[PDB]
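One structure is given below, encoded as structure tokens.
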Amino acid sequence: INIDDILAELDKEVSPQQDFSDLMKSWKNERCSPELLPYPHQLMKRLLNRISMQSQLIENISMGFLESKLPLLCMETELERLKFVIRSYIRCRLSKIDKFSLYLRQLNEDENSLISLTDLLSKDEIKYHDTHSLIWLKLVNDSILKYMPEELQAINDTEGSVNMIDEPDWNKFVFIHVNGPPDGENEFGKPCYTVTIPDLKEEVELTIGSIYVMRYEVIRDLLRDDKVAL
Amino acid sequence: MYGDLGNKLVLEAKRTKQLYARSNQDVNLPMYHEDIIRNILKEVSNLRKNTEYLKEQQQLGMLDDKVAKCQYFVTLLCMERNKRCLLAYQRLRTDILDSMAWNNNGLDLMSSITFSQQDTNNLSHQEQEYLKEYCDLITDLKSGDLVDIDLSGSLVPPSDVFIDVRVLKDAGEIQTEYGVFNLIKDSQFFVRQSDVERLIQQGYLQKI
Amino acid sequence: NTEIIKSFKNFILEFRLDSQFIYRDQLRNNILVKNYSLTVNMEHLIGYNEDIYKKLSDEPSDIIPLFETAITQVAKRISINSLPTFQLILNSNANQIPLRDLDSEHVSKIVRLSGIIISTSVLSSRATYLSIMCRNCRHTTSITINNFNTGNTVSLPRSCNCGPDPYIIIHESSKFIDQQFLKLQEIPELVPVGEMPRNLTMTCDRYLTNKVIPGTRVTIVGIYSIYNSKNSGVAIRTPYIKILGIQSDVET
Amino acid sequence: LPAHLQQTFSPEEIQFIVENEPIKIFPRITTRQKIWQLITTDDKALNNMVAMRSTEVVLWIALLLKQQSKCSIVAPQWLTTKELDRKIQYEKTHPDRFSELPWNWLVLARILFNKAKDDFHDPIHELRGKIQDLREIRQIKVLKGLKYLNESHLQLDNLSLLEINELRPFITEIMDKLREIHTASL
Amino acid sequence: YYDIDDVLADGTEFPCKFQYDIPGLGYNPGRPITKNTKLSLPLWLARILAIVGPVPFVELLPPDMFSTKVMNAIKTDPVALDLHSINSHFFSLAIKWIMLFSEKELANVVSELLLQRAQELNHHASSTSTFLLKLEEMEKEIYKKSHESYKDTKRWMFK
């Protein structure tokens with residue numbers, strides 16, 4: 001005898017908290033992954049249109065008031081606390097353009113692997129990316145490549161050694177805390193999730209409770225689908 | 001004594017990585033070592049002098065010899081080994097000049113050509129023009145966000161909104177933005193953390 | 001003997017200054033490095049309780065070997081096989097007693113002093129825990145000595161009748177420690193205008209050996225004790241300082 | 001370019017995450033109404049409070065109001081001398097597990113004891129006695145759990161958030177050298 | 001190579017001999033280098049001459065760094081054995097030696113030496129040591145990465 005569905009009809013007869021839980025979730029996933037994750041291009045237009053709205057309303061109240069100095073120092077605290085997440089999220093990606101600045105140009109001259117460049121990067125990072133590799137090549141060109149032979153002029157893929165690909169490294173060990181929603185789709189058993197199947201081994205079967213340490217390559221699928229967290 | 005100058009430039013560079021590492025800054029980058037550069041650059045002119053020397057002689061006397069193809073396969077390599085020791089050195093000197101333009105230049109100064117990086121002599125002519133254009137690349141970014149004008153500093157998380165700030169021996173009553181401060185020596189304050197982070201980095205107000 | 005362990009066992013677990021408590025963080029970091037000692041500041045004893053230091057100041061020879069077994073019952077609350085007896089090293093600063101005025105009143109009392117070290121010696125072996133078997137009965141036992149008062153204060157028994165002292169030490173199952181035998185001369189700025197500078201001889205335990213080079217300025221906290229060897233009088237003893245804790249300066 | 005640590009969380013960015021989880025307070029300023037308002041973005045309710053009637057706010061506001069003494073932080077369910085004794089006697093009789101920690105294990109034992117030390121039941125040698133005791137039992141099994149590491153897999157079933165942000169740069173720099181030997185030999 | 005630990009590893013010398021005859025030496029006596037001559041080569045150079053040659057140029061004889069003395073001294077006691085005296089680098093080299101040789105019997109020895117020195121850089125990173133003198137130069141990076149993480153947690157917990 002289940003009354004909950006009959007109770008669920010009894011009462012019926014985008015939310016601003018959920019955006020902040022996604023900025024906090026996309027920030028923790030950023031700092032520990034080796035590759036460059038696709039940028040959240042749709043929600044982060046709302047927050048920069050939500051910050052500039054309220055920052056006038058603080059100036060409009062605090063100038064427009066002139067006994068309660070306590071509400072005016074809570075909203076001043078929170079705005080300078082939401083500001084710190086963005087200022088340490090944008091400034092964390094710009095330390096990963098300055099390692100894979102050369103590997104990403106390979107991904108544009110190639111025709112078909114993933115041509116995103118607008119969901120992989122933001123609007124103004126591509127004003128950073130073009131003008132950085134230009135300004136770094138003009139330093140090496142007058143200090144080394146003045147005395148350049150015909151073979152060793154450019155640095156794109158200098159095979160004959162290990163170098164000049166950059167290796168966004170696909171086997172760094174990461175720390176994951178697996179948290180997947182059950183049926184109440186790919187779950188093999190009652191408490192637990194599916195085999196991650198590495199190359200040489202058996203099932204390495206996840207659960208939903210415990211946390212694990214495993215390679216980044218095998219769980220690259222489940223980070224797109226929001227069933228694990230770092 | 002064939003690629004020995006590669007092992008003297010690299011071990012020279014490992015010192016500067018370990019002045020940045022533990023506790024201290026790398027204010028006063030040591031020097032641009034140039035006399036070991038000219039000794040490397042002399043040998044890559046000399047190793048070009050042999051690979052064109054054998055190019056005429058392989059069409060007259062050698063006539064496409066496989067043992068003679070080894071010299072094209074050996075003298076190619078010492079061009080690579082001295083290329084790699086010359087890029088490992090000038091990328092390591094670049095990122096410290098990348099961080100120094102990212103912590104204490106353009107922070108409540110808004111045009112700081114002089115007054116910071118007080119050497120201006122340990123850099124070459126090419127590394128002193130790379131830096132000065134790079135600081136104009138930053139100010140493009142802080143004009144299209146408006147999260148905060150000059151988003152650069154303060155990667156410490158915010159806490160304890162009202163702090164105590166004690167003046168350490170620097171008079172001037174200098175500040176005009178957000179009100180004058182009427183700054184006298186040795187007199188502590190009770191102001192909020194938004195207006196002092198632009199002055200706590202100048203070595204100007206000591207206490208947190 | 002009884003329950004004075006529990007009055008000290010609560011001192012290591014519960015002593016606490018403002019935020020971070022010391023003697024469960026100095027006991028844990030000295031096991032991972034395998035250092036096996038502890039350093040008690042002696043001002044923190046009398047702030048916590050005065051009745052403990054009243055016993056320690058009166059009769060120190062019988063109570064410091066009771067605190068050494070009160071530590072090794074606490075290090076088995078942290079590690080969980082071979083944990084030896086820990087050593088107690090203490091230091092303080094009350095008032096220096098100069099080397100010239102050491103009367104007959106300071107026998108078996110905690111005394112600190114100062115001076116210049118002349119010479120050292122070669123290391124040796126003292127026994128802590130040895131195994132005995134009788135020659136005729138072959139009845140095995142085990143004598144564990146922990147107290148240190150140099151010749152003989154604890155020896156072999158006389159019966160387990162059998163003969164005079166039927167006991168043999170077996171060298172295949174025992175444990176041993178080190179001794180160092182320094183010498184110490186008074187500082188020449190407390191000038192003996194008509195005298196020569198005197199000297200004393202100390203002993204050191206297992207974890208203070210090879211710590212100091214000859215020719216330094218030290219401050220030494222120890223027990224002024226006595227021993228009666230004949231190696232010149234009638235019923236004459238000789239003085240020596242059993243060191244427990246040498247607080248040298250920076251060696252420079 | 002952060003360039004200080006750049007791969008871990010520094011432990012001032014761990015007291016920033018734990019300050020987003022709600023607790024209960026006993027307020028001392030009503031401001032309900034009878035018949036100016038806090039209009040923040042992330043919480044935006046509980047303008048309506050009554051004197052001494054429990055409500056649930058986020059943690060970073062309830063440290064602003066304790067500094068002026070207009071609130072009183074209640075204890076959670078675990079700061080109890082009757083409750084932490086079961087979570088110790090679980091640890092001795094199961095030498096392979098981790099007993100249970102509410103994942104704000106160490107962090108909520110710091111920000112409450114320094115700031116709100118008038119609202120418990122006798123913190124002197126009753127709660128700082130257990131919490132330091134439960135951190136030294138737990139830091140034995142971590143030390144015995146590293147003689148058994150491999151190059152494919154590991155299980156760390158129930159650990160806190162501060163006992164991990166001191167242990168990342170040891171494991172992921174060693175287990176990246178056990179991967180590059182087994183796969184370089186193949 | 002943008003890492004400085006990778007560039008410095010190539011400069012080591014290896015006792016490797018020739019197979020052919022070459023009329024020229026950039027190093028001096030007698031420009032025709034006779035075959036069956038033994039030289040010490042840098043590892044940037046004797047790493048591409050062991051492949052390109054079906055007979056290659058260089059025989060690449062085994063060194064004393066992987067002789068039976070060192071392979072027996074690290075099965076007895078991996079803790080108190082020197083690794084700063086052999087040359088200076090061990091793990092960045094013994095990875096390179098495995099790829100050019102494909103030996104399955106060395107990778108079961110270095111994978112046990114690495115675990116035994118791993119368990120004693122977690123003990124000595126709890127805040128009077130000789131272990132700053134006998135560590136490997138690949139381990140001195142993770143020792144300064146670990147000891148400056150426990151210090152910044154024990155700093156934060158007490159004021």
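FYI, nothing fancy with the structure tokens labels: chains A, B, ... in order, residues from 1 per chain, ligands from 1 as they appear.
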With only C-alpha atoms considered, list every residue of chain B at most 7 Å from chain E, as a list in words. residues 2, 67, 84 and 88 of chain B
9 Å contacts from chain A to chain D using only C-alpha atoms, as number ranges by chain: A: 16-18, 20, 24, 31-33, 68, 70-72, 74-75, 78-79, 88, 91-96, 98, 171-175, 198, 201, 204, 209-215
Please produce, as a Markdown table, a per-residue contact table for chain C versus chain D (criterion: any atom at most 10 Å away, only C-alpha atoms considered), showing the nearest atom pair and its distance in Å to one decimal, sorted by chain then residue number.
| residue | atom | partner | partner_atom | distance |
| --- | --- | --- | --- | --- |
| C:13 | CA | D:129 | CA | 8.6 |
| C:14 | CA | D:125 | CA | 7.4 |
| C:15 | CA | D:125 | CA | 9.9 |
| C:16 | CA | D:125 | CA | 9.8 |
| C:19 | CA | D:114 | CA | 9.0 |
| C:20 | CA | D:132 | CA | 10.0 |
| C:21 | CA | D:132 | CA | 9.6 |
| C:24 | CA | D:132 | CA | 9.3 |
| C:28 | CA | D:136 | CA | 9.2 |
| C:77 | CA | D:137 | CA | 8.8 |
| C:78 | CA | D:136 | CA | 6.9 |
| C:79 | CA | D:140 | CA | 7.3 |
| C:80 | CA | D:140 | CA | 7.6 |
Can I get the selected residues back with C-alpha atoms, as a short mmCIF file (atom, residue, chain, number, x, y, z; two decimals), in the first residue's frame?
data_model
loop_
_atom_site.label_atom_id
_atom_site.label_comp_id
_atom_site.auth_asym_id
_atom_site.auth_seq_id
_atom_site.Cartn_x
_atom_site.Cartn_y
_atom_site.Cartn_z
CA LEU C 13 47.39 12.81 27.83
CA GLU C 14 45.79 15.93 29.22
CA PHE C 15 48.36 18.71 29.46
CA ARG C 16 47.30 21.49 27.15
CA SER C 19 45.16 25.33 21.34
CA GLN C 20 47.68 22.62 20.44
CA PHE C 21 48.74 20.17 23.13
CA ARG C 24 50.94 13.77 22.58
CA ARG C 28 54.14 10.73 18.23
CA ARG C 77 47.85 3.52 22.79
CA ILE C 78 49.29 5.15 19.67
CA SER C 79 51.19 2.50 17.71
CA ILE C 80 48.44 -0.15 17.71
#
Using DSSP on the backbone coordinates, identify the residues of range 13-161 of chain B assigned to alpha helix (DSSP H); present them as JSON, numbers by chain. {"B": [13, 14, 15, 16, 17, 35, 36, 37, 38, 39, 40, 41, 42, 43, 44, 45, 46, 47, 48, 49, 50, 51, 53, 54, 55, 56, 57, 69, 70, 71, 72, 73, 74, 77, 78, 79, 80, 81, 82, 83, 84, 85, 86, 87, 88, 89, 90, 91, 92, 93, 94, 95, 96, 97, 98, 99, 100, 101, 102, 103, 127, 128, 129, 130, 131, 132, 133, 134, 135, 136, 137, 138, 139, 140, 141]}
Which residues come within 7 Å of residue 188 in chain B, counting only C-alpha atoms, excluding same-chain residues fewer than 4 positions away, as a list in words? residues 164, 165, 166 and 167 of chain B
Generate the output file for the selected residues, N, CA, C and O atoms, as a CSV table (one decimal), in the first residue's frame.
chain,number,residue,atom,x,y,z
B,164,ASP,N,42.1,44.9,11.3
B,164,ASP,CA,42.9,46.0,12.0
B,164,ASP,C,44.2,46.2,11.2
B,164,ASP,O,45.0,45.3,11.0
B,165,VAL,N,44.4,47.5,10.8
B,165,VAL,CA,45.5,47.8,9.9
B,165,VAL,C,46.4,48.8,10.6
B,165,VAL,O,45.9,49.9,10.9
B,166,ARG,N,47.7,48.5,10.8
B,166,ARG,CA,48.6,49.3,11.5
B,166,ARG,C,49.6,49.9,10.5
B,166,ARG,O,50.2,49.1,9.7
B,167,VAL,N,49.8,51.2,10.6
B,167,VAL,CA,50.6,51.9,9.6
B,167,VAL,C,52.1,51.7,10.0
B,167,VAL,O,52.5,51.9,11.1
Using only C-alpha atoms, find each residue of chain E with at least one atom at most 10 Å away from an atom of chain D; report its shortest atom-to-atom pair and that distance in Å (one decimal), sort the rows by chain and rising residue number, and return the result as a tab-separated table.
residue	atom	partner	partner_atom	distance
E:91	CA	D:177	CA	8.6
E:92	CA	D:177	CA	9.9
E:94	CA	D:181	CA	9.0
E:95	CA	D:181	CA	6.6
E:96	CA	D:184	CA	8.7
E:97	CA	D:184	CA	9.8
E:98	CA	D:185	CA	6.4
E:99	CA	D:184	CA	6.1
E:100	CA	D:184	CA	9.9
E:101	CA	D:185	CA	9.1
E:102	CA	D:185	CA	5.8
E:103	CA	D:185	CA	6.7
E:104	CA	D:185	CA	6.1
E:105	CA	D:185	CA	9.3
E:106	CA	D:185	CA	8.8
E:107	CA	D:181	CA	6.3
E:108	CA	D:182	CA	8.7
E:110	CA	D:181	CA	8.2
E:111	CA	D:178	CA	6.7
E:112	CA	D:178	CA	9.7
E:114	CA	D:178	CA	8.1
E:115	CA	D:147	CA	7.6
E:116	CA	D:147	CA	8.5
E:118	CA	D:174	CA	7.5
E:119	CA	D:147	CA	7.0
E:121	CA	D:170	CA	8.9
E:122	CA	D:170	CA	8.0
E:123	CA	D:143	CA	8.7
E:139	CA	D:174	CA	9.3
E:141	CA	D:173	CA	9.5
E:142	CA	D:170	CA	6.8
E:143	CA	D:170	CA	8.4
E:145	CA	D:169	CA	6.6
E:146	CA	D:170	CA	6.1
E:147	CA	D:166	CA	9.6
E:148	CA	D:166	CA	9.6
E:149	CA	D:166	CA	5.9
E:150	CA	D:166	CA	6.0
E:151	CA	D:166	CA	9.4
E:152	CA	D:11	CA	7.2
E:153	CA	D:11	CA	6.4
E:154	CA	D:11	CA	9.9
E:155	CA	D:11	CA	9.5
E:156	CA	D:11	CA	7.2
E:157	CA	D:110	CA	7.2
E:158	CA	D:110	CA	8.9
E:159	CA	D:114	CA	8.9
With only C-alpha atoms as the basis for distance, which of B:92, B:135, B:113, B:161 is at the shortest distance from chain D? B:161
Pull out every residue of chain A that has at least one atom within 8 Å of chain E, counting only C-alpha atoms, and report them as an NGL selection string. :A and (162-164)
Compile a residue-level contact table for chain A against chain B at a cut-off of 9 Å, reporting for every qualifying residue the shortest atom pair and its distance in Å to one decimal, with only C-alpha atoms counted, rows ordered by chain and ascending number, as a Markdown table.
| residue | atom | partner | partner_atom | distance |
| --- | --- | --- | --- | --- |
| A:48 | CA | B:147 | CA | 7.2 |
| A:51 | CA | B:147 | CA | 7.6 |
| A:52 | CA | B:147 | CA | 8.0 |
| A:73 | CA | B:161 | CA | 8.8 |
| A:77 | CA | B:161 | CA | 7.0 |
| A:80 | CA | B:158 | CA | 7.5 |
| A:81 | CA | B:158 | CA | 6.6 |
| A:83 | CA | B:147 | CA | 7.0 |
| A:84 | CA | B:157 | CA | 6.8 |
| A:85 | CA | B:157 | CA | 8.9 |
| A:86 | CA | B:147 | CA | 8.2 |
| A:87 | CA | B:151 | CA | 6.6 |
| A:88 | CA | B:155 | CA | 6.9 |
| A:91 | CA | B:152 | CA | 8.6 |
| A:124 | CA | B:141 | CA | 7.1 |
| A:125 | CA | B:141 | CA | 8.5 |
| A:127 | CA | B:141 | CA | 8.4 |
| A:128 | CA | B:137 | CA | 7.7 |
| A:131 | CA | B:137 | CA | 7.8 |
| A:132 | CA | B:134 | CA | 8.4 |
| A:135 | CA | B:130 | CA | 7.1 |
| A:136 | CA | B:130 | CA | 7.8 |
| A:138 | CA | B:130 | CA | 8.3 |
| A:139 | CA | B:126 | CA | 6.5 |
| A:140 | CA | B:90 | CA | 8.2 |
| A:142 | CA | B:126 | CA | 7.6 |
| A:143 | CA | B:126 | CA | 7.6 |
| A:144 | CA | B:86 | CA | 7.5 |
| A:147 | CA | B:45 | CA | 7.3 |
| A:148 | CA | B:44 | CA | 8.7 |
| A:149 | CA | B:48 | CA | 7.4 |
| A:151 | CA | B:76 | CA | 9.0 |
| A:152 | CA | B:80 | CA | 8.2 |
Which residues are near range 163-173 of chain C? Cut-off 12 Å, only C-alpha atoms, ignore same chain within fewer than 6 positions. Put them as an mmCIF file with N, CA, C and O atoms, in the first residue's frame.
data_model
loop_
_atom_site.group_PDB
_atom_site.id
_atom_site.type_symbol
_atom_site.label_atom_id
_atom_site.label_comp_id
_atom_site.auth_asym_id
_atom_site.auth_seq_id
_atom_site.Cartn_x
_atom_site.Cartn_y
_atom_site.Cartn_z
ATOM 1 N N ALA C 127 73.878 -3.465 31.347
ATOM 2 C CA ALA C 127 72.809 -4.401 31.044
ATOM 3 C C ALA C 127 71.502 -3.863 31.593
ATOM 4 O O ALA C 127 71.485 -3.254 32.663
ATOM 5 N N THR C 128 70.410 -4.074 30.860
ATOM 6 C CA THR C 128 69.083 -3.723 31.352
ATOM 7 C C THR C 128 68.275 -4.963 31.701
ATOM 8 O O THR C 128 67.742 -5.077 32.807
ATOM 9 N N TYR C 129 68.167 -5.896 30.768
ATOM 10 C CA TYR C 129 67.320 -7.066 30.912
ATOM 11 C C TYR C 129 68.115 -8.289 30.504
ATOM 12 O O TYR C 129 68.439 -8.450 29.328
ATOM 13 N N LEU C 130 68.421 -9.146 31.467
ATOM 14 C CA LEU C 130 69.298 -10.280 31.219
ATOM 15 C C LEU C 130 68.588 -11.559 31.647
ATOM 16 O O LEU C 130 67.595 -11.526 32.376
ATOM 17 N N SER C 131 69.108 -12.694 31.195
ATOM 18 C CA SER C 131 68.476 -13.980 31.437
ATOM 19 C C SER C 131 69.446 -14.882 32.175
ATOM 20 O O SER C 131 70.603 -15.016 31.774
ATOM 21 N N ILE C 132 68.966 -15.507 33.242
ATOM 22 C CA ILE C 132 69.802 -16.278 34.145
ATOM 23 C C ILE C 132 69.335 -17.723 34.093
ATOM 24 O O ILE C 132 68.132 -17.986 33.985
ATOM 25 N N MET C 133 70.280 -18.653 34.149
ATOM 26 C CA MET C 133 69.989 -20.054 34.391
ATOM 27 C C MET C 133 70.943 -20.582 35.448
ATOM 28 O O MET C 133 72.099 -20.157 35.518
ATOM 29 N N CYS C 134 70.456 -21.499 36.277
ATOM 30 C CA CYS C 134 71.270 -22.131 37.305
ATOM 31 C C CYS C 134 72.056 -23.277 36.689
ATOM 32 O O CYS C 134 71.643 -23.841 35.673
ATOM 33 N N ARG C 135 73.182 -23.628 37.307
ATOM 34 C CA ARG C 135 74.045 -24.640 36.712
ATOM 35 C C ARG C 135 73.539 -26.049 37.011
ATOM 36 O O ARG C 135 73.649 -26.950 36.171
ATOM 37 N N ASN C 136 72.973 -26.261 38.203
ATOM 38 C CA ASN C 136 72.512 -27.596 38.571
ATOM 39 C C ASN C 136 71.011 -27.743 38.366
ATOM 40 O O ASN C 136 70.547 -28.739 37.801
ATOM 41 N N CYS C 137 70.233 -26.759 38.817
ATOM 42 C CA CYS C 137 68.784 -26.860 38.687
ATOM 43 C C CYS C 137 68.333 -26.605 37.256
ATOM 44 O O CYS C 137 67.345 -27.198 36.805
ATOM 45 N N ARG C 138 69.058 -25.740 36.534
ATOM 46 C CA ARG C 138 68.684 -25.227 35.207
ATOM 47 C C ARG C 138 67.287 -24.615 35.216
ATOM 48 O O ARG C 138 66.475 -24.847 34.321
ATOM 49 N N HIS C 139 67.011 -23.821 36.244
ATOM 50 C CA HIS C 139 65.747 -23.114 36.375
ATOM 51 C C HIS C 139 65.919 -21.705 35.837
ATOM 52 O O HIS C 139 66.581 -20.875 36.466
ATOM 53 N N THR C 140 65.313 -21.435 34.684
ATOM 54 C CA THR C 140 65.505 -20.157 34.013
ATOM 55 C C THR C 140 64.678 -19.070 34.685
ATOM 56 O O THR C 140 63.651 -19.354 35.309
ATOM 57 N N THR C 141 65.151 -17.834 34.590
ATOM 58 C CA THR C 141 64.456 -16.650 35.073
ATOM 59 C C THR C 141 64.831 -15.449 34.209
ATOM 60 O O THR C 141 65.451 -15.589 33.154
ATOM 61 N N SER C 142 64.442 -14.256 34.661
ATOM 62 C CA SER C 142 64.739 -13.030 33.925
ATOM 63 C C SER C 142 64.728 -11.863 34.898
ATOM 64 O O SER C 142 63.684 -11.548 35.472
ATOM 65 N N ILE C 143 65.872 -11.215 35.069
ATOM 66 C CA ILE C 143 65.995 -10.040 35.918
ATOM 67 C C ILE C 143 66.000 -8.828 35.002
ATOM 68 O O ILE C 143 66.806 -8.753 34.067
ATOM 69 N N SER C 155 72.219 -7.217 42.097
ATOM 70 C CA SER C 155 73.054 -8.324 41.666
ATOM 71 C C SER C 155 72.233 -9.606 41.609
ATOM 72 O O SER C 155 71.004 -9.596 41.700
ATOM 73 N N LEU C 156 72.934 -10.711 41.453
ATOM 74 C CA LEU C 156 72.355 -12.036 41.371
ATOM 75 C C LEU C 156 71.921 -12.526 42.751
ATOM 76 O O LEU C 156 72.566 -12.226 43.757
ATOM 77 N N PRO C 157 70.840 -13.291 42.823
ATOM 78 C CA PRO C 157 70.403 -13.875 44.093
ATOM 79 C C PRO C 157 71.308 -15.027 44.517
ATOM 80 O O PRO C 157 72.339 -15.307 43.910
#
Near-residue 193 in chain B list (7 Å; only C-alpha atoms; drop same-chain fewer than 2 positions) as a ChimeraX atom specification: /B:161-163,191,195-197
What parts of range 2-44 of chain E does DSSP call strand (DSSP E or B)? I'd like the answer as JSON, numbers by chain. {"E": [13, 14, 15, 16, 17, 18, 22, 23, 32, 33, 38, 39, 40, 41, 42]}
